[PDB]
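Structural overview
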Amino acid sequence: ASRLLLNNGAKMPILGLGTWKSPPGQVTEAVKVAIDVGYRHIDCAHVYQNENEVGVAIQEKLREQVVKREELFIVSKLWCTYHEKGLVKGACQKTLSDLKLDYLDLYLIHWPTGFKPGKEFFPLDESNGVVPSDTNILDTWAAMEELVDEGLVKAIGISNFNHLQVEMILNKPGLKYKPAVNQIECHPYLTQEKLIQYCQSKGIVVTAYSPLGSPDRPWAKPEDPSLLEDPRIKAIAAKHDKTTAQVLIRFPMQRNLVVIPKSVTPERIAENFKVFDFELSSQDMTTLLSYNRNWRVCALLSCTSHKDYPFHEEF
Ligand SMILES: NC(=O)c1ccc[n+]([C@@H]2O[C@H](COP(=O)([O-])OP(=O)(O)OC[C@H]3O[C@@H](n4cnc5c(N)ncnc54)[C@H](OP(=O)(O)O)[C@@H]3O)[C@@H](O)[C@H]2O)c1
Ligand SMILES: O=C(O)Cc1c(Cl)cccc1Cl
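Scoring rules and cut-offs
- Residues numbered from 1 in each chain as written, not as in the entry; some residues may be left out.
- Chains lettered and ligands numbered in written order.
- Heavy atoms only, no water.
- Helix = DSSP H or I, 4+ residues; strand = E, 2+ residues; numbered from the N terminus.
- Rg over C-alpha atoms; globule rule 2.2 N^0.38 Å.
- Buried < 20%, exposed > 50% of the residue type's maximum accessible area, 1.4 Å probe, protein only.
- Contact = heavy atoms within 4.5 Å.
- Areas by Shrake-Rupley, 256 points an atom, 1.4 Å probe, with all protein chains shown as cover.
- Polar contact = N/O pair within 3.5 Å; in protein donor to acceptor, adjacent residues only side chain to side chain.
- Pairing = 2+ DSSP bridges.
- Near = heavy atom within 4 Å.
- Nonpolar A, V, L, I, M, F, W, Y, C, P; charged D, E, K, R; others polar.
- Axes fitted to C-alpha atoms, helices over the stretch in contact; angles between N-to-C directions.
- Left-handed = near helix turned anticlockwise from the far one by under 90°.
- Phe/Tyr/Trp six-rings, centres within 6.5 Å; stacked < 30°, edge-to-face > 60°.

- What the entry reports as its method is X-ray crystallography, with 1.700 Å given for the resolution.

Following this line, the structure appears as structure tokens:
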């Protein structure tokens, strides 16, 4: 609709605002603008280094009475250096302090890979490569389940998990809470048909990240393709009197996915909201799906030898 039903009975808004790469100095205004414009879902993470400033915006709009807490859907994620059972609660509480909230609507395991705990987000050894933790996914899931029982979070989920990693959790002896959501990279160049079908069959809601192809990703090359500039996608947009961004945001919505485009620009934040007033035809949808090239923008290349690296499996 405008909201999808999760397995805990809560409704998740189908459109949310992304905050990765949003500078601390600009993200407070961006969130304020988003809330005014009508966004009710914000995607956060400790690793984005801007939760405090996102929290400032949320507090201002709650105090102004523009929104009530219950109408907001706030998401954050447990970083890889906090997968140890004894660290999960502390990480969640830090995020809660920064955002200035008493609960999260949804808390995700950010990546299936655990790293060595410490101050560095990507701890490195003497040579090449990230230092892994010997923790596994099931022990981390058990720690996440405790967060629900303690009232710190309403729902728990996963991000960048392949179907075998999802299976692992679903077959966990004594599984108490199923993952509500799997947040994955998804756009016309990486359509994820198999993983999406798999998750939806298990009652797991899929959130599509990098829906515009993350043009501001720090490792972008000038030779790299651009979704926003694809003349085939421009042509569909022109047919509907919409922008290519609007088409790219509407696309996942019609696949029953939640989508979280990032912007710090008030005019683009507003433009990205205007996606409820048109429909892509079944022809448009089939055509957009045909553009798949299995091109993955977020491949976590420093973790390719990690025992839990998600992207060796087909899906
Ligand atoms: N779970 C995970 O591992 C994971 C990984 C990656 C991302 N995410 C989440 O997904 C969010 C979205 O992905 P993303 O940040 O990679 O990139 P994205 O949303 O695909 O693209 C963001 C870029 O597109 C620009 N943009 C936004 N609206 C536009 C419009 N209407 N017209 C032209 N350009 C527009 C933004 O510019 P301006 O900001 O300058 O306006 C920014 O440079 C993230 O912020 C994060 O919340 C999660
Ligand atoms: O994990 C994320 O959400 C975004 C991210 C970060 Cl913060 C750092 C390196 C790579 C990537 Cl994809």
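Quick notes on the overall build of the chain
- Each helix and strand in the chain was counted, giving ten helices and ten strands.
- A compact globule built from 315 residues would reach a C-alpha radius of gyration of about 20 Å, and the chain, at 19 Å, matches this within 12%.
- Each principal axis of the C-alpha atoms in the chain carries an extent, and together these give about 55 × 45 × 40 Å.
- Residues classed as buried in the chain amount to 54% of the 315 residues present.
- Look at the contacts in the chain between residues 6 or more apart in sequence, and 76% of them connect residues 24 or more apart.
- Accessible surface computed for the chain: about 14,000 Å², of which carbon and sulfur atoms make up 49%.

Examining the environment of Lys 176
- Along the polypeptide, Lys 176 turns up in the loop between α5 (163-170) and β8 (181-185).
- Between the C-alpha atoms of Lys 176 and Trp 141, which are 35 residues apart in sequence, the distance is 9.8 Å.
- Only 2.7 Å separates the side chain of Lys 176 from the side chain of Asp 149, close enough to count as a polar contact.

Looking at the sheet that holds strand β6 (residues 106-109)
- One open sheet accounts for eight strands, arranged β3-β4-β5-β6-β7-β8-β9-β10; its pairing is parallel. Where the open sheet ends on each side, the last strands, each with one partner, are β3 (17-18) and β10 (258-259).
- Both β8 and strand β9 (residues 205-209) contribute to a ladder of five bridges, which runs parallel. Its bridge partner being in β9, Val 181 is matched across the sheet by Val 205.

Side note on the site of ligand 2
- Near ligand 2, the surroundings consist of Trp 20, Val 47, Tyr 48, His 110, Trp 111, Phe 122, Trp 219 and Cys 298.
- Interatomic distance of 2.8 Å between a side-chain N/O atom of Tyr 48 and an oxygen atom of ligand 2.
- Here an oxygen atom of ligand 2 sits 2.9 Å away from a polar atom, N or O, in the side chain of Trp 111.
- In isolation ligand 2 has 340 Å² of accessible area, and contact with the protein removes 82% of it.
- Residues of the shell around ligand 2, tallied by class, amount to seven nonpolar, one polar and no charged.

Description of the packing of helix α1 (residues 24-37) against helix α9 (residues 266-273)
- Where α1 contacts α9, the axes come no closer than 10 Å and their chain directions differ by 35°. Here the hand of the crossing between α1 and α9 comes out right-handed. Contacts between α1 and α9 pair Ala 30, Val 33, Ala 34 and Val 37 from the former with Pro 266, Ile 269, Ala 270 and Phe 273 from the latter.

Structural notes on the packing of aromatic side chains
- A complete count under the given rule lists ten aromatic pairs for this structure.
- Here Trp 79 and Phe 115 contribute two aromatic rings whose centre-to-centre distance is 6.1 Å and whose plane-to-plane angle is 85°, an arrangement assigned as edge-to-face. Of this pair, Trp 79 sits in the loop between β5 (73-78) and α3 (88-99) while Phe 115 sits in the loop between β6 and α4 (137-149), placing them 36 residues apart in sequence.
- Taking the relative accessible area as the measure of exposure, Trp 79 reaches 4% and is therefore buried.
- Note on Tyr 309 and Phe 311: the rings are 5.5 Å apart at their centroids and 80° apart in plane angle, and the pair reads as edge-to-face. By the burial criterion, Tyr 309 is buried, and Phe 311 matches it.
- Here a set of aromatic residues connected by ring pairs shows up, and it is made of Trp 79, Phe 115, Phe 121 and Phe 122.

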